[PDB]
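Just target13.pdb here, PDB, C-alpha atoms:
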```
ATOM      1  CA  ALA A   1      77.697  58.247 143.391
ATOM      2  CA  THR A   2      80.271  56.437 145.285
ATOM      3  CA  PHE A   3      82.286  57.591 148.426
ATOM      4  CA  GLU A   4      84.831  55.112 149.789
ATOM      5  CA  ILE A   5      86.095  56.456 153.140
ATOM      6  CA  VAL A   6      89.458  54.862 154.089
ATOM      7  CA  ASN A   7      91.088  55.280 157.785
ATOM      8  CA  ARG A   8      94.831  54.914 157.055
ATOM      9  CA  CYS A   9      95.631  56.606 160.384
ATOM     10  CA  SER A  10      96.981  54.514 163.253
ATOM     11  CA  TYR A  11      94.142  55.679 165.571
ATOM     12  CA  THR A  12      90.422  55.080 165.233
ATOM     13  CA  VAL A  13      88.246  57.756 163.692
ATOM     14  CA  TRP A  14      84.509  58.211 163.526
ATOM     15  CA  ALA A  15      83.803  59.302 160.040
ATOM     16  CA  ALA A  16      80.861  61.712 159.304
ATOM     17  CA  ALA A  17      78.996  62.571 156.214
ATOM     18  CA  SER A  18      76.354  65.332 156.193
ATOM     19  CA  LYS A  19      74.717  68.133 154.082
ATOM     20  CA  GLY A  20      73.764  70.202 156.545
ATOM     21  CA  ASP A  21      70.209  69.202 157.491
ATOM     22  CA  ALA A  22      70.324  65.424 156.950
ATOM     23  CA  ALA A  23      72.726  62.539 157.052
ATOM     24  CA  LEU A  24      74.416  61.210 153.965
ATOM     25  CA  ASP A  25      74.008  57.438 153.816
ATOM     26  CA  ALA A  26      74.197  56.208 157.413
ATOM     27  CA  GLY A  27      75.794  59.658 158.481
ATOM     28  CA  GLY A  28      78.630  58.245 160.243
ATOM     29  CA  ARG A  29      80.525  55.161 161.242
ATOM     30  CA  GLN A  30      83.444  54.011 163.350
ATOM     31  CA  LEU A  31      86.592  53.203 161.519
ATOM     32  CA  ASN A  32      89.389  51.378 163.253
ATOM     33  CA  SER A  33      92.873  51.669 161.411
ATOM     34  CA  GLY A  34      92.738  50.247 158.106
ATOM     35  CA  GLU A  35      88.937  49.974 157.879
ATOM     36  CA  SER A  36      86.872  51.344 155.013
ATOM     37  CA  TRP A  37      83.301  52.435 154.567
ATOM     38  CA  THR A  38      81.719  52.954 151.123
ATOM     39  CA  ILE A  39      78.578  55.264 150.890
ATOM     40  CA  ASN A  40      76.061  56.199 148.525
ATOM     41  CA  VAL A  41      75.339  59.892 147.841
ATOM     42  CA  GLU A  42      72.370  60.917 145.942
ATOM     43  CA  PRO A  43      73.013  62.691 142.554
ATOM     44  CA  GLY A  44      73.112  66.567 142.296
ATOM     45  CA  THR A  45      73.978  66.905 146.004
ATOM     46  CA  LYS A  46      74.801  70.276 147.172
ATOM     47  CA  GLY A  47      77.312  71.342 149.674
ATOM     48  CA  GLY A  48      78.152  67.881 150.986
ATOM     49  CA  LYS A  49      80.847  67.428 153.630
ATOM     50  CA  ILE A  50      82.915  64.512 154.936
ATOM     51  CA  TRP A  51      85.045  64.699 158.077
ATOM     52  CA  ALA A  52      86.655  62.647 160.805
ATOM     53  CA  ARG A  53      85.844  62.815 164.482
ATOM     54  CA  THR A  54      88.312  61.889 167.200
ATOM     55  CA  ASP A  55      88.245  60.617 170.760
ATOM     56  CA  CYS A  56      84.435  59.664 170.667
ATOM     57  CA  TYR A  57      82.236  57.632 172.968
ATOM     58  CA  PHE A  58      78.818  56.380 171.877
ATOM     59  CA  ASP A  59      76.384  54.307 173.609
ATOM     60  CA  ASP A  60      74.037  51.704 172.144
ATOM     61  CA  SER A  61      71.678  54.166 171.560
ATOM     62  CA  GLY A  62      74.268  55.933 169.389
ATOM     63  CA  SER A  63      74.545  58.881 171.782
ATOM     64  CA  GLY A  64      77.633  60.384 172.929
ATOM     65  CA  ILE A  65      80.446  62.905 172.547
ATOM     66  CA  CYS A  66      83.623  63.396 170.512
ATOM     67  CA  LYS A  67      86.546  65.662 171.290
ATOM     68  CA  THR A  68      86.733  66.932 167.705
ATOM     69  CA  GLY A  69      83.933  67.154 165.201
ATOM     70  CA  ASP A  70      80.951  66.334 167.214
ATOM     71  CA  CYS A  71      77.614  66.718 165.388
ATOM     72  CA  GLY A  72      75.147  67.201 168.206
ATOM     73  CA  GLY A  73      76.190  64.170 170.256
ATOM     74  CA  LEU A  74      75.185  61.441 167.791
ATOM     75  CA  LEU A  75      77.015  58.637 166.023
ATOM     76  CA  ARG A  76      74.985  59.117 162.806
ATOM     77  CA  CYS A  77      75.425  62.777 161.845
ATOM     78  CA  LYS A  78      72.587  64.580 160.455
ATOM     79  CA  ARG A  79      74.275  68.496 161.052
ATOM     80  CA  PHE A  80      77.686  69.413 160.550
ATOM     81  CA  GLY A  81      80.521  69.043 163.037
ATOM     82  CA  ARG A  82      82.087  71.263 165.744
ATOM     83  CA  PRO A  83      85.509  72.642 164.755
ATOM     84  CA  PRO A  84      88.306  71.871 164.506
ATOM     85  CA  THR A  85      87.401  69.616 161.567
ATOM     86  CA  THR A  86      89.357  69.249 158.354
ATOM     87  CA  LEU A  87      86.682  69.210 155.630
ATOM     88  CA  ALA A  88      86.136  67.299 152.388
ATOM     89  CA  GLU A  89      83.514  69.330 150.553
ATOM     90  CA  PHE A  90      81.550  68.644 147.397
ATOM     91  CA  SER A  91      78.566  69.555 145.266
ATOM     92  CA  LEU A  92      77.805  67.013 142.545
ATOM     93  CA  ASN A  93      76.303  67.215 139.024
ATOM     94  CA  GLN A  94      75.500  71.006 139.237
ATOM     95  CA  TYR A  95      74.835  71.652 135.538
ATOM     96  CA  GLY A  96      77.631  68.674 134.014
ATOM     97  CA  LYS A  97      80.299  68.836 136.720
ATOM     98  CA  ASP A  98      81.282  67.967 140.000
ATOM     99  CA  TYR A  99      83.311  70.391 142.416
ATOM    100  CA  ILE A 100      85.584  69.154 145.101
ATOM    101  CA  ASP A 101      87.521  70.842 147.742
ATOM    102  CA  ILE A 102      89.267  70.434 151.073
ATOM    103  CA  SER A 103      88.745  73.276 153.538
ATOM    104  CA  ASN A 104      90.794  74.477 156.710
ATOM    105  CA  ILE A 105      88.143  77.212 157.302
ATOM    106  CA  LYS A 106      86.905  75.317 160.359
ATOM    107  CA  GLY A 107      90.181  74.273 161.387
ATOM    108  CA  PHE A 108      92.147  71.047 161.035
ATOM    109  CA  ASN A 109      91.990  67.798 163.030
ATOM    110  CA  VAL A 110      93.058  64.937 160.711
ATOM    111  CA  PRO A 111      95.222  64.872 157.541
ATOM    112  CA  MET A 112      93.280  64.071 154.407
ATOM    113  CA  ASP A 113      93.485  63.063 150.761
ATOM    114  CA  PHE A 114      90.188  63.602 148.619
ATOM    115  CA  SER A 115      90.946  61.963 145.203
ATOM    116  CA  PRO A 116      88.687  61.048 142.291
ATOM    117  CA  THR A 117      88.205  57.077 141.643
ATOM    118  CA  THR A 118      86.885  57.686 138.117
ATOM    119  CA  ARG A 119      89.335  59.823 135.042
ATOM    120  CA  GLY A 120      89.413  63.493 134.189
ATOM    121  CA  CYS A 121      90.153  65.381 137.229
ATOM    122  CA  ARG A 122      93.163  65.514 140.044
ATOM    123  CA  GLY A 123      92.501  65.086 143.721
ATOM    124  CA  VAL A 124      93.305  67.444 146.602
ATOM    125  CA  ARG A 125      95.173  66.882 149.865
ATOM    126  CA  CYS A 126      96.250  68.453 153.157
ATOM    127  CA  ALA A 127      98.738  66.137 154.917
ATOM    128  CA  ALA A 128     101.060  68.489 156.753
ATOM    129  CA  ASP A 129     101.450  68.180 161.094
ATOM    130  CA  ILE A 130      99.253  71.243 161.247
ATOM    131  CA  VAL A 131      98.309  70.164 165.027
ATOM    132  CA  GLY A 132     102.262  69.885 165.595
ATOM    133  CA  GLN A 133     102.845  73.244 164.732
ATOM    134  CA  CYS A 134      99.664  75.027 165.234
ATOM    135  CA  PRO A 135      99.984  78.589 166.607
ATOM    136  CA  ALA A 136      99.611  78.663 170.382
ATOM    137  CA  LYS A 137      96.079  80.517 170.746
ATOM    138  CA  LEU A 138      94.622  78.298 168.015
ATOM    139  CA  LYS A 139      95.330  74.988 169.768
ATOM    140  CA  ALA A 140      92.314  72.902 170.812
ATOM    141  CA  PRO A 141      92.403  71.366 174.057
ATOM    142  CA  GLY A 142      90.524  68.491 172.999
ATOM    143  CA  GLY A 143      92.756  68.107 169.940
ATOM    144  CA  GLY A 144      93.416  69.783 166.592
ATOM    145  CA  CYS A 145      94.095  73.328 165.365
ATOM    146  CA  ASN A 146      91.166  75.778 165.368
ATOM    147  CA  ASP A 147      90.545  78.453 162.774
ATOM    148  CA  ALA A 148      90.815  82.047 163.918
ATOM    149  CA  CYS A 149      86.905  82.746 163.222
ATOM    150  CA  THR A 150      86.233  80.063 165.912
ATOM    151  CA  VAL A 151      88.785  81.349 168.432
ATOM    152  CA  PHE A 152      88.081  85.190 168.014
ATOM    153  CA  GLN A 153      84.689  85.815 166.366
ATOM    154  CA  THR A 154      85.711  88.938 164.469
ATOM    155  CA  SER A 155      84.337  90.223 161.166
ATOM    156  CA  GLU A 156      87.766  90.075 159.702
ATOM    157  CA  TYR A 157      88.447  86.439 160.559
ATOM    158  CA  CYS A 158      84.871  85.360 159.975
ATOM    159  CA  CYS A 159      84.549  87.506 156.803
ATOM    160  CA  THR A 160      81.160  88.527 158.169
ATOM    161  CA  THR A 161      80.456  91.326 155.673
ATOM    162  CA  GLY A 162      81.755  89.462 152.638
ATOM    163  CA  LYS A 163      84.901  91.585 152.873
ATOM    164  CA  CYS A 164      88.117  90.415 154.468
ATOM    165  CA  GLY A 165      91.695  89.599 153.626
ATOM    166  CA  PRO A 166      94.210  86.952 154.573
ATOM    167  CA  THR A 167      95.631  87.067 158.100
ATOM    168  CA  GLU A 168      98.620  85.707 159.975
ATOM    169  CA  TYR A 169      96.455  82.828 160.866
ATOM    170  CA  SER A 170      94.968  82.088 157.438
ATOM    171  CA  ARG A 171      98.472  82.247 155.960
ATOM    172  CA  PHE A 172      99.695  79.482 158.890
ATOM    173  CA  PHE A 173      97.131  77.088 157.064
ATOM    174  CA  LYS A 174      97.884  78.113 153.485
ATOM    175  CA  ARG A 175     101.915  77.543 154.478
ATOM    176  CA  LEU A 176     101.206  74.103 155.164
ATOM    177  CA  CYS A 177      98.357  73.227 152.805
ATOM    178  CA  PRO A 178      98.282  75.465 149.714
ATOM    179  CA  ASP A 179      95.559  73.197 148.078
ATOM    180  CA  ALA A 180      93.061  73.738 150.901
ATOM    181  CA  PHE A 181      90.932  76.840 151.582
ATOM    182  CA  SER A 182      92.615  78.842 154.341
ATOM    183  CA  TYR A 183      89.872  81.509 154.836
ATOM    184  CA  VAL A 184      86.434  82.301 153.414
ATOM    185  CA  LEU A 185      87.572  84.474 150.489
ATOM    186  CA  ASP A 186      90.685  82.489 149.612
ATOM    187  CA  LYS A 187      91.380  82.129 145.923
ATOM    188  CA  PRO A 188      89.432  78.926 145.160
ATOM    189  CA  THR A 189      91.363  75.665 145.065
ATOM    190  CA  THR A 190      88.206  73.910 143.940
ATOM    191  CA  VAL A 191      88.419  71.026 141.477
ATOM    192  CA  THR A 192      85.857  70.530 138.717
ATOM    193  CA  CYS A 193      85.141  66.859 137.933
ATOM    194  CA  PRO A 194      82.768  65.170 135.459
ATOM    195  CA  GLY A 195      79.237  64.866 136.722
ATOM    196  CA  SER A 196      78.564  61.588 138.574
ATOM    197  CA  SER A 197      82.209  60.890 139.420
ATOM    198  CA  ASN A 198      83.195  58.616 142.316
ATOM    199  CA  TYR A 199      85.745  59.423 145.010
ATOM    200  CA  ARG A 200      87.940  58.210 147.814
ATOM    201  CA  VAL A 201      88.550  60.078 151.077
ATOM    202  CA  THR A 202      91.812  58.839 152.676
ATOM    203  CA  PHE A 203      92.543  59.936 156.236
ATOM    204  CA  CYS A 204      96.167  59.993 157.415
ATOM    205  CA  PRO A 205      97.239  59.281 153.805
ATOM    206  CA  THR A 206     100.837  59.321 154.147
ATOM    207  CA  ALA A 207     100.527  57.032 157.214
TER     208      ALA A 207
END
```
For this file, produce the structure as structure tokens.
Amino acid sequence: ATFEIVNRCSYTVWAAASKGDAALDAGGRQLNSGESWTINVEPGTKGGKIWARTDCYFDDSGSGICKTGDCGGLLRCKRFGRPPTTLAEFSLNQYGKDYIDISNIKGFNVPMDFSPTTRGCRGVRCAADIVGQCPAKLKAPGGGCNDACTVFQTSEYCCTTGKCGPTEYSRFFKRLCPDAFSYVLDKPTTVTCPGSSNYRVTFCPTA
């Protein structure tokens, strides 16, 4: 399948694409404003994620640091990223469908549209100035708006036991982005798409 990753923000990002224990495609790439990067993701993938990283440095050996979303100091992500990272999430072809979501469960760093490029299903978006508004205790020095499980490490925020409810903090993300997951047991805003669909991830969409 095909992921076209478009940086419509006015600042550079360092896109990432991982499943957890391996890169997707080249696993990351710099994207100056306006630049695009189309990747190939193997059918049937489970639990894939796409995110932006901000304020990176990488050397020629591809080794470095980012202020949001860092995946173990590399340019070419093979793990997932350090919060706060807004997340495009997907598992493809799982019995005839595709399932797409955007998640604020690790926080928010960059606004995002995740829309299908082939018919049958609706996209999802979180474009609101979450970082402009972010509750004071959840702000991240380095940039972005952290989730409460990251800031406080409690069972209730982290839903450790599989039981938890919404919180004042989950609800701050759900007031600003109702289509994105705001905590682990949020009512699912998942989208089911035809198996083998293609997609576009647009950062800073309304930019």
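Here, the PyMOL selection byres ((chain A and resi 51-55) around 9) matches residues 11, 12, 13, 14, 15, 16, 17, 18, 49, 50, 56, 57, 65, 66, 67, 68, 69, 70, 81, 85, 86, 87, 88, 89, 109, 110, 142, 143 and 203 of chain A.
Selection by the PyMOL selection byres ((chain A and resi 61) around 12) on the present file picks out residues 57, 58, 59, 60, 62, 63, 64, 73, 74, 75 and 76 of chain A.
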With only C-alpha atoms as the basis for distance, which of A:99, A:180, A:153, A:168 is at the shortest distance from residue 116 (chain A)?
->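 Of A:99, A:180, A:153, A:168, the one nearest residue 116 (chain A) is A:99, counting only C-alpha atoms.
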Could you spell out the hits of the PyMOL selection byres ((chain A and resi 124) around 6) on the shown file, as a compact mmCIF listing (two decimals) with C-alpha atoms, keeping the file's coordinate frame?
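out35.txt written:
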```
# COMPACT_ATOMS: atom_id res chain seq x y z
CA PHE A 114 90.19 63.60 148.62
CA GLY A 123 92.50 65.09 143.72
CA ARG A 125 95.17 66.88 149.86
```
For region 188-193 of chain A, work out the shell of residues within 6 Å, counting only C-alpha atoms and skipping chain neighbours fewer than 4 positions away, then give it as a ChimeraX atom specification.
-> /A:97-101,121,179
To one decimal in Å, tell me the separation between CA of residue 38 (chain A) and CA of residue 104 (chain A).
-> 24.0 Å
Distance query residue 178 (chain A) at most 9 Å, all atoms listed in the file, self and fewer than 4 positions along chain excluded, as a CSV table (one decimal) with C-alpha atoms, keeping the file's coordinate frame:
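Saved result, selection-v9.csv, follows:
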```
chain,number,residue,atom,x,y,z
A,126,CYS,CA,96.2,68.5,153.2
A,173,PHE,CA,97.1,77.1,157.1
A,174,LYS,CA,97.9,78.1,153.5
A,182,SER,CA,92.6,78.8,154.3
A,189,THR,CA,91.4,75.7,145.1
```
Looking at A:29, A:78, A:106, A:46, which one is nearest to residue 181 (chain A), with distances taken over all atoms listed in the file?
-> A:106
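Omitting region 131-136 of chain A and its sequence neighbours fewer than 5 positions away, and counting only C-alpha atoms, the residues within 8 Å are residues 108, 109, 143, 144, 145, 169 and 172 of chain A.
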Go ahead and save the residues from that selection, with C-alpha atoms, as an mmCIF file, in the coordinates of the input.
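That gives us selection18.cif:
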```
data_model
loop_
_atom_site.group_PDB
_atom_site.id
_atom_site.type_symbol
_atom_site.label_atom_id
_atom_site.label_comp_id
_atom_site.auth_asym_id
_atom_site.auth_seq_id
_atom_site.Cartn_x
_atom_site.Cartn_y
_atom_site.Cartn_z
ATOM 1 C CA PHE A 108 92.147 71.047 161.035
ATOM 2 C CA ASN A 109 91.990 67.798 163.030
ATOM 3 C CA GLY A 143 92.756 68.107 169.940
ATOM 4 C CA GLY A 144 93.416 69.783 166.592
ATOM 5 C CA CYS A 145 94.095 73.328 165.365
ATOM 6 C CA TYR A 169 96.455 82.828 160.866
ATOM 7 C CA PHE A 172 99.695 79.482 158.890
#
```
CA of residue 186 (chain A) to CA of residue 20 (chain A), distance in Å rounded to a single decimal =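 CA of residue 186 (chain A) sits 22.0 Å away from CA of residue 20 (chain A).
Interatomic distance, CA of residue 9 (chain A) to CA of residue 197 (chain A): 25.3 Å.
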